[PDB]
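Notes to accompany the following structure.
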Amino acid sequence: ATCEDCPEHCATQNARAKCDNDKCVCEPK
């Protein structure tokens with residue numbers, strides 16, 4: 001469900017992002 005609004009949010013710390021129960025977390029840079 002639009003985890004396209006999430007992929008920037010773990011860039012906040014290390015990473016990029018995908019795609020948790022519906023609110024998402026990291027990929028590498």
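Chain labels A, B, ... are given in the sequence in which chains occur in the structure tokens; within each chain residues are numbered consecutively from 1, and ligands are likewise numbered from 1 in the order shown.
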
task = Could you tell me, as number ranges by chain, which residues of chain A DSSP assigns to strand (DSSP E) when given the backbone?
result = A: 16-18, 25-27

Export of the given selection (N, CA and C atoms) as a compact mmCIF listing (two decimals), in the first residue's frame:
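What ended up in out-v1.txt:
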# COMPACT_ATOMS: atom_id res chain seq x y z
N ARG A 16 17.83 3.46 2.43
CA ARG A 16 16.81 3.92 1.60
C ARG A 16 15.66 3.11 2.11
N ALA A 17 14.47 2.76 1.45
CA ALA A 17 13.55 1.99 2.25
C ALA A 17 12.48 1.18 1.54
N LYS A 18 11.81 0.21 2.35
CA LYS A 18 10.88 -0.82 1.95
C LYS A 18 10.50 -1.43 3.29
N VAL A 25 11.03 0.53 6.21
CA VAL A 25 12.31 0.76 6.79
C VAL A 25 13.42 0.31 5.79
N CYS A 26 14.70 -0.11 6.13
CA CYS A 26 15.83 0.29 5.30
C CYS A 26 16.20 -0.53 4.05
N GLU A 27 17.01 0.13 3.06
CA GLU A 27 17.74 -0.55 1.99
C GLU A 27 19.11 0.07 2.03

request  = Show which residues sit within 7 Å of residue A:3, as a PyMOL selection string. Count only C-alpha atoms, and ignore same-chain residues fewer than 6 positions away.
outcome  = chain A and resi 18-19+22-24
